[PDB]
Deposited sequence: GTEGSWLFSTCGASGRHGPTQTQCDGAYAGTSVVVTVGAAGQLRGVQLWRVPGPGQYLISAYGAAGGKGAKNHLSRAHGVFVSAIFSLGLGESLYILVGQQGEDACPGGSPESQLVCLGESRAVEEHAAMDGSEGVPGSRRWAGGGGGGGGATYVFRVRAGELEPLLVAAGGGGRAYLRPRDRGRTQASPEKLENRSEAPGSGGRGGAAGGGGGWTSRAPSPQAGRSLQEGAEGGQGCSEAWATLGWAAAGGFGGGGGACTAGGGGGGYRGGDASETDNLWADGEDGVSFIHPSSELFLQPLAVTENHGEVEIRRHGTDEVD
């Protein structure tokens, strides 16, 4: 009795298609309906197979590396909690995608930065992983596992993160103030675009990951979350984006200490497990 959810092979600022998830889940226990457009595009709808308690373990996505800030990515957050789910219930699962790395570059000029032949150079914020339901016509969050902030170019309320040229992360209910800000869950949670100044300078810029990651500029993008991580408001050369803020519903039982462990894309595992168990 275990169900594993992934990005279905999708990466970048946009979530997976139905065909991608059908392929990824072929031969597995999982069937999902993927939103095709609007606020739920790329979100995976899973029918709960029966009533009872379930352990939901979610991993938000890592942030991207910066062109000269690459010794490690900011890892996404792991959050795990027990929920009572209903006969007939359906869960919406948005699996966060990694913030884009600055290297290799997506244009000749950005790649020259990556080869030392040089706004720009930052990594995008990672998307958060969201698990939620609809109750009485409203979205109800169950668990949000935050994404990691993107690295800056150089190494020395469900609100959105602050930012500017580098985008803050999207939150649960934030409004995006710019194209670089990560979209909120209510808005469909696409990653922010890289900043226009870097697109103009280098011909490409790293985007935030699906799940509310902010776009890079020189500073790194903020991670998605229940609250989005802040990014620099001045495109500072050394300012990594902040990770997002995670969430568990007040009625659930947090099972394990949250940890920053996700290496690349997010994931969710669900299994039958409850407070009837001692461990």
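Engineer: Relative to the deposited sequence, which regions have no modelled C-alpha positions in the structure?
Structural biologist: Going by the record, the segments left unmodelled (no C-alpha atoms) fall at 1 to 3, 122 to 142, 181 to 199.
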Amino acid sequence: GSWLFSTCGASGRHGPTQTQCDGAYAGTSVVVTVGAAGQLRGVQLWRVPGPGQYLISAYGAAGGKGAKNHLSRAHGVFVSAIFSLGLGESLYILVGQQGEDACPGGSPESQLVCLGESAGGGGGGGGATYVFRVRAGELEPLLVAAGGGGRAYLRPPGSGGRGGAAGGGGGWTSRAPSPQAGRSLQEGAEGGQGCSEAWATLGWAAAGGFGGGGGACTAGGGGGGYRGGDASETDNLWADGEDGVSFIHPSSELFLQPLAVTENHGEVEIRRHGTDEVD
From here on, numbers count along this sequence of modelled residues.
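Engineer: When the C-alpha temperature factors are averaged for each of 94 to 102 and 70 to 78, which stretch ends up with the higher value in the entry?
Structural biologist: Per the PDB record, 70 to 78.
Engineer: Can you tell me whether 207 to 215 has a higher mean C-alpha B factor than 233 to 241 in this record, or the other way round?
Structural biologist: Mean B over CA atoms: larger for 233 to 241.
Engineer: For the CA B factor values reported in this entry, which option in 64, 42, 223, 250 has the top one?
Structural biologist: Answer for 64, 42, 223, 250: 250, with the highest C-alpha B-factor.
Engineer: If you check the C-alpha B-factor for each of 125, 122, 141, 108 in the entry, which is highest?
Structural biologist: By C-alpha B-factor in the record, 108 ranks first.
Engineer: Could you tell me which third, lowest, middle or highest, the C-alpha B-factor of residue 153 occupies within its chain?
Structural biologist: It belongs to the middle third of the chain when residues are ordered by C-alpha B-factor.
Engineer: Please say which third, lowest, middle or highest, residue 147 falls into when its CA temperature factor is compared across its chain.
Structural biologist: Lowest third of the chain for residue 147's C-alpha B-factor.
Engineer: Taking the entry's C-alpha B-factors for this chain, is residue 131 in the lowest, middle or highest third?
Structural biologist: CA B-factor rank for residue 131: lowest third.
Engineer: Could you place residue 169 in the lowest, middle or highest third of its chain by Cα temperature factor, using the values in the record?
Structural biologist: It belongs to the lowest third of the chain when residues are ordered by C-alpha B-factor.
Engineer: Name the third of the chain's ranked CA B-factors that contains residue 116, choosing lowest, middle or highest.
Structural biologist: Tercile = highest for this residue's CA B-factor.
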